[PDB]
Amino acid sequence: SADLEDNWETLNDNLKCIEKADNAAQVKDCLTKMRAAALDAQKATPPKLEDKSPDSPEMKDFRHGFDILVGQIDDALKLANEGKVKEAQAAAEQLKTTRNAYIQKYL
């Protein structure tokens with residue numbers, strides 16, 4: 001099993017994976033694992049919001065950050081499927097921006 005902290009580390013390890021990958025098959029596995037961990041983290045309650053109602057604006061913001069992240073991952077997967085390996089890898093910068101601005105502030 002995995003908790004939010006575990007899934008966060010999986011997400012960040014596979015963000016590094018995307019940046020260091022050498023071919024389409026590799027980036028696809030990195031992006032797949034990031035997407036799986038993102039969906040699992042999205043269902044958690046982050047430490048700063050444990051006193052909030054589950055549908056509070058803050059929890060909606062937390063979850064929307066992952067919806068953005070998952071959309072960016074899917075966009076990068078499409079590029080990787082098209083053989084645009086370098087452009088797929090470039091999504092790492094924007095994934096970090098989403099991660100930092102939406103989710104990190106709740107940990």
# chains A, B, ... in the order shown; residues from 1 in each chain; ligands from 1
call {"tool": "select_by_dssp", "arguments": {"residues": "chain A", "states": "alpha helix (DSSP H)", "output": "mmCIF file with C-alpha atoms, in the first residue's frame"}}
result
data_model
loop_
_atom_site.group_PDB
_atom_site.id
_atom_site.type_symbol
_atom_site.label_atom_id
_atom_site.label_comp_id
_atom_site.auth_asym_id
_atom_site.auth_seq_id
_atom_site.Cartn_x
_atom_site.Cartn_y
_atom_site.Cartn_z
ATOM 1 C CA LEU A 4 0.189 10.435 0.177
ATOM 2 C CA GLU A 5 3.865 10.811 1.126
ATOM 3 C CA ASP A 6 4.730 7.590 -0.730
ATOM 4 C CA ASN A 7 2.790 8.677 -3.819
ATOM 5 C CA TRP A 8 4.435 12.107 -3.719
ATOM 6 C CA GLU A 9 7.886 10.505 -3.774
ATOM 7 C CA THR A 10 6.823 8.200 -6.624
ATOM 8 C CA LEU A 11 5.569 11.255 -8.514
ATOM 9 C CA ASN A 12 8.832 13.154 -8.011
ATOM 10 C CA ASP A 13 11.018 10.144 -8.842
ATOM 11 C CA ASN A 14 9.186 9.737 -12.147
ATOM 12 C CA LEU A 15 9.425 13.455 -12.879
ATOM 13 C CA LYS A 16 13.199 12.921 -12.785
ATOM 14 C CA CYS A 17 12.627 9.821 -14.933
ATOM 15 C CA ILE A 18 10.966 11.946 -17.638
ATOM 16 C CA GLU A 19 13.912 14.361 -17.653
ATOM 17 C CA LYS A 20 16.592 11.642 -17.852
ATOM 18 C CA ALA A 24 10.043 6.923 -26.303
ATOM 19 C CA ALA A 25 9.523 3.638 -24.442
ATOM 20 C CA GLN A 26 11.329 5.006 -21.382
ATOM 21 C CA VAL A 27 9.402 8.294 -21.240
ATOM 22 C CA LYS A 28 6.129 6.374 -21.595
ATOM 23 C CA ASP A 29 6.855 4.308 -18.483
ATOM 24 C CA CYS A 30 7.909 7.421 -16.544
ATOM 25 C CA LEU A 31 4.723 9.237 -17.564
ATOM 26 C CA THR A 32 2.548 6.188 -16.859
ATOM 27 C CA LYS A 33 3.940 5.808 -13.341
ATOM 28 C CA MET A 34 3.578 9.530 -12.672
ATOM 29 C CA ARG A 35 -0.043 9.404 -13.844
ATOM 30 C CA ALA A 36 -0.876 6.412 -11.642
ATOM 31 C CA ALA A 37 0.653 8.042 -8.563
ATOM 32 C CA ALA A 38 -1.082 11.334 -9.361
ATOM 33 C CA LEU A 39 -4.523 9.692 -9.451
ATOM 34 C CA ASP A 40 -3.800 8.023 -6.108
ATOM 35 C CA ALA A 41 -2.486 11.201 -4.467
ATOM 36 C CA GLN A 42 -5.523 13.118 -5.762
ATOM 37 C CA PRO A 57 -12.529 25.257 -1.835
ATOM 38 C CA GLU A 58 -9.054 24.212 -0.700
ATOM 39 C CA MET A 59 -9.720 20.507 -1.287
ATOM 40 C CA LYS A 60 -11.234 21.354 -4.683
ATOM 41 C CA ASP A 61 -8.047 23.301 -5.470
ATOM 42 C CA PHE A 62 -5.848 20.390 -4.353
ATOM 43 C CA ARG A 63 -7.785 18.010 -6.590
ATOM 44 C CA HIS A 64 -7.897 20.419 -9.530
ATOM 45 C CA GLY A 65 -4.111 20.693 -9.407
ATOM 46 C CA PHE A 66 -3.931 16.957 -10.029
ATOM 47 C CA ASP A 67 -6.502 17.247 -12.828
ATOM 48 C CA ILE A 68 -4.182 19.789 -14.462
ATOM 49 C CA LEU A 69 -1.173 17.543 -13.824
ATOM 50 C CA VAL A 70 -2.935 14.513 -15.299
ATOM 51 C CA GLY A 71 -3.933 16.546 -18.350
ATOM 52 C CA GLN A 72 -0.319 17.614 -18.838
ATOM 53 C CA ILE A 73 0.837 13.997 -18.461
ATOM 54 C CA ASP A 74 -1.690 12.829 -21.055
ATOM 55 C CA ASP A 75 -0.545 15.582 -23.427
ATOM 56 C CA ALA A 76 3.054 14.411 -23.003
ATOM 57 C CA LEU A 77 2.036 10.779 -23.532
ATOM 58 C CA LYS A 78 0.452 11.792 -26.847
ATOM 59 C CA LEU A 79 3.748 13.381 -27.897
ATOM 60 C CA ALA A 80 5.690 10.276 -26.864
ATOM 61 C CA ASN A 81 3.254 8.085 -28.800
ATOM 62 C CA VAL A 85 10.416 12.280 -27.457
ATOM 63 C CA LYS A 86 12.193 15.563 -26.726
ATOM 64 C CA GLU A 87 8.960 17.565 -26.693
ATOM 65 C CA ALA A 88 7.386 15.001 -24.362
ATOM 66 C CA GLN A 89 10.354 15.354 -22.003
ATOM 67 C CA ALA A 90 9.971 19.146 -22.063
ATOM 68 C CA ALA A 91 6.641 18.766 -20.231
ATOM 69 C CA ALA A 92 8.693 18.183 -17.066
ATOM 70 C CA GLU A 93 9.131 21.940 -16.567
ATOM 71 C CA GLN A 94 5.398 22.656 -16.669
ATOM 72 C CA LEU A 95 4.589 19.628 -14.506
ATOM 73 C CA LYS A 96 6.904 21.077 -11.853
ATOM 74 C CA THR A 97 5.140 24.442 -12.111
ATOM 75 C CA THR A 98 1.734 22.836 -11.553
#
call {"tool": "closest_residue", "arguments": {"among": "A:102, A:107, A:2, A:82", "to": "residue 49 (chain A)", "atoms": "only C-alpha atoms"}}
result
A:107
call {"tool": "atom_distance", "arguments": {"atom1": "CA of residue 56 (chain A)", "atom2": "CA of residue 101 (chain A)"}}
result
18.1 Å
call {"tool": "atom_distance", "arguments": {"atom1": "CA of residue 84 (chain A)", "atom2": "CA of residue 99 (chain A)"}}
result
23.3 Å
call {"tool": "atom_distance", "arguments": {"atom1": "CA of residue 53 (chain A)", "atom2": "CA of residue 1 (chain A)"}}
result
24.9 Å
